[PDB]
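This document starts with one chain, in the form deposited in one PDB entry, laid out as structure tokens.
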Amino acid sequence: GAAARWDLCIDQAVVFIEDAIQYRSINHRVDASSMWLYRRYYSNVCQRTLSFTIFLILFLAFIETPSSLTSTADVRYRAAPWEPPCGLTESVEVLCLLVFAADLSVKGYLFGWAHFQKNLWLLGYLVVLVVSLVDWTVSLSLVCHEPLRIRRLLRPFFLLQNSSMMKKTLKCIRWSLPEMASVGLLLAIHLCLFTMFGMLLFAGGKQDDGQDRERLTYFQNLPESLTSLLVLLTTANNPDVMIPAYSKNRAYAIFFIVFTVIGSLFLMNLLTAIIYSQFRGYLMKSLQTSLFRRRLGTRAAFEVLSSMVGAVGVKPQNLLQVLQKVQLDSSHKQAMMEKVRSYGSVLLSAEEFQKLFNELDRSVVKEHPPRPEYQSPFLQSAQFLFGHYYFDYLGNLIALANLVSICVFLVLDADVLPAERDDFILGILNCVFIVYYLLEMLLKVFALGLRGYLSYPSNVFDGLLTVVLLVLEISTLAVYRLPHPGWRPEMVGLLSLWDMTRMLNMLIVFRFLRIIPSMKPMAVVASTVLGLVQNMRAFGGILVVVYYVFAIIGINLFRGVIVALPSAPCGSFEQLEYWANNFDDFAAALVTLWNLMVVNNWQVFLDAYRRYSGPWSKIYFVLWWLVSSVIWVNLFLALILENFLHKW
């Protein structure tokens, strides 16, 4: 059994090295079959399948019984959505839940039973799966007649369970929670004290006066004063809340000013600073944990390989075979194996082993495939001329000319009648510029080779853009037959292809926006954008979870409360025609929650839902303002600060 244990130790070294490369903790059980199961489960295919299943189970909310498949979200104009049959979404959800159960079983087998019991995330996964399956069985025993599906609230949790960055962000929020709670208590005391002071201050005065008007409009009773001051805390009705009092007497504004100085200025920014105080070393801590995990992986692999000899160390042949069996990029794998081959038969110690496995911190520069060579001197000279970077200068100049022409002929044509436009010069210029784009793409492909041209991301991007523009232009020319003087390119019922062509042609500006890191001031902005996109998961997952949970709650609460009866106050929900901001389906719920995250016109929604669904509904919206506009927006600002100050 010596050979069996030898190959088992080789497999242990391989899996430990793979964990070190992928920054995975070494806590899973190491067995003959468990190693194969671990390498199969953490493969790219299985992880992509799990992520797609999570995406599908989140996307099912768009196709549930409150279907989100209508052209418009306005209550007045929306038609009945396509209601899916009972078994369709239930079957899709049950297959997603079976996939999740398989994933949970694999996770619970790869790790120990003790680890599964001790881990709170796996216990929560099991509880959520059991509750979701029970709710699905209940909702299927009745024939899709359960109005509220609690399982839909637990769908975001899966997204939390399969993301380490999301869990780190949640932990940072948890750490920031006590100071935020203390500041919130102070702010509630502030709100209550100013509410009582306002109610007592605007109580007197003559009838129909400015002070009496202020009392009637905003500070009549305690809940209305509380709502008014809470909205003023978000500065959503800053002039309206004080216009009557400020017109009655000039000094009253002082009061409101003090409020905005204390509540909206000091305490909200204090909350922002508190939330940022926990994301202060986010990226640095993540890098430190990644390096620590890599070091642990390499150390454990060395320790495993050392026992195979029984001085301590790893034989070069065993390390070479392990590197041969390790899933790694070609450059790093080849460099590491050549460095191992450089060592003779002498055993490798732990320190030199770790220094060898420090080669994985090298950012390999991928060389673009060489351009094909042409024997003809004229052909190769033309290839050199067209492959020169000054050709990109000429292309950018022509692109700027195209963009300026499109903008000018859009501004000019806004004044003239919609049916008397000529669009001849603009059509000719667009045709010429699209032909030039096609010629430039063909020349670049000729000079750099098809694979070489497609190697660059900017080159493939502009190639796709010019292909789409060429298709649109050819279709337009085929429909409208070679523009002439007075060539109207818009016809009723012809999809308005001209507008689509000009809108896709306005994506040219990326040719100039992608070269902004050239100037020094824009370099830090570009670095911040890149870091925020790389760390997009940290805030994006929290955003998705919050929006999903609150959309489901709103649909369960405010499904059919806003109905237009077949005169309204000037500042009301009906007069502004906000009927499209309802909770009748998932997309409308998401748009309404977005419009509420932007605290503007918050009191309009508050009053509308107080009148339609009840006075207590405000609580929900208040919670929304606490969860999205206060916690998540400050989280995004903290991540922006961290990504800006990381490199700098």
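For clarity, a rigid core is taken as the largest C-alpha set superposing within 1.5 Å between two forms. One-based numbering along the sequence shown.
There is another form of the same protein, the form deposited in another entry; it is not shown, and what comes next is about it.
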Item to complete: Determine, with the core as the superposition reference, the one member of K168, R537, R502, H190 that shifts its CA by 2 Å or more between the shown form and the other one.
Response: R502
Discussion item. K355: after superposing the rigid core, is there a C-alpha shift of 2 Å or more between the shown form and the other one?
Written reply: no
Item to complete: For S91, state whether the C-alpha moves by 2 Å or more between the shown form and the other one after rigid core superposition.
Response: no
Worksheet item: After fitting the rigid core, is the C-alpha of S71 off by 2 Å or more between the shown form and the other one?
Response: no
Worksheet item: Are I406 and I516 closer or farther apart at the Cα level in the other entry than shown, by 3 Å or more?
Response: closer
Fill in: Direction of C-alpha distance change in the other entry, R514 to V533 (at least 3 Å)
farther
